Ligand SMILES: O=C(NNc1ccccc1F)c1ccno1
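Below you will find one chain, with nothing else, as structure tokens; this is the form deposited without this ligand, and questions on how it binds or moves follow later.
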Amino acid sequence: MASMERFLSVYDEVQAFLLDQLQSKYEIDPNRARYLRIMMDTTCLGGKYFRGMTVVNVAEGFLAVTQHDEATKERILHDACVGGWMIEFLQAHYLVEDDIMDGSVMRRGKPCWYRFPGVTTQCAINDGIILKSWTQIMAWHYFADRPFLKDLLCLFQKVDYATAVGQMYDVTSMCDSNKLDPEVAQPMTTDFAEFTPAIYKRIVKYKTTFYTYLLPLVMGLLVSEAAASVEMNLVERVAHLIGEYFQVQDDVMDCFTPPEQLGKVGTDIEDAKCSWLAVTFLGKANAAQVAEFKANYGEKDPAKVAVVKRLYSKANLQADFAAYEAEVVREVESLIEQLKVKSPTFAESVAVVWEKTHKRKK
């Protein structure tokens, strides 16, 4: 069976499980089950499934080099698919809550879930809560007798918690740290002193890299009982590195990819986000460029946003991006080598992960 078809089939199976349980254990009625069914489909389906499929790809790579009964290959691939949907549903929780937090309009060419007419914020906050709760129900049911259950639960919770802390770093990135204060309404920075490469790197490490790259790779090792084929410090290192590059790409597209192709109107500038573009611009600007940036960044006025886009265009940030890219190519290729000492297989999976990111066009 082809991996994607397996993956999709298990979605159906998990969905039926979750909704049937609601009916047998939680007294749900047909109409609320249907609401939840729709919510699950709308919030979990329609992406590329890169995260979830990476768990399956990692587990297929070990199946090719490890001796097992056919029924054990099937059980490993079924566990890889369940674990991959745990990650997809965890992403769906974060996207639904993030979209409400940020006042987002669209995602992927469709309205954000909270904007659906019959959802509203009052239901959507709780729908997002439920999405994450469903990851736990999956694990306790499908993995109940598995040796990896503790490790997988403990990894998932650390990853979830990192991601929430990253969300906190992201949404406070345009404030001065020393002025954070629940009692006092928060002004936008005026100095941009915290728009640095290391502070950027912190935000991105936590907000995206743990759930997007670290979790899929490590979940694939866990469902395969293969965590001894790797040096975990290397897998963390490469995950964080590739995931940073991924976010840098996102940041560039937020500004420059036209909305119809982006699936969104990008507002990082108006939102005063600490984006790769802002940090890299500041890192090369002269005094007058810095002043013009300060006078225009973090405002809804479209003329001011255009002045920012103009400044970035004139600043030849494509060049700094090519330099960044070269350096990441270099470091990721080194880490893949350190990963071969223990597993060619695991290294190849990391190689694919890299190729898909590096060569992604959307």
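We number the residues from 1 along the sequence you see.
The form solved in complex with this ligand is left out here; the points below concern that form.
**Student:** With heavy atoms only and a cut-off of 4.5 Å, decide whether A323 touches this ligand in the entry with it bound.
**Tutor:** Looking in the entry with it bound, residue contacts with this ligand include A323, since a heavy atom lies within 4.5 Å.
**Student:** With heavy atoms only and a cut-off of 4.5 Å, decide whether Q338 touches this ligand in the entry with it bound.
**Tutor:** Residue-level check for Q338: no, no contact with this ligand.
**Student:** Check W276 for me: does it contact this ligand in the entry with it bound (non-hydrogen atoms, 4.5 angstroms)?
**Tutor:** The answer is yes: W276 has a heavy atom within 4.5 Å of this ligand.
**Student:** Against this ligand in the entry with it bound, would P147 count as a contact residue? Criterion: heavy atoms within 4.5 Å.
**Tutor:** Result no; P147 lies far from this ligand in the entry with it bound.
**Student:** If we check this ligand in the entry with it bound, which of the residues in 32-66 reach within 4.5 angstroms of it by a non-hydrogen atom?
**Tutor:** Result: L45, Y49.
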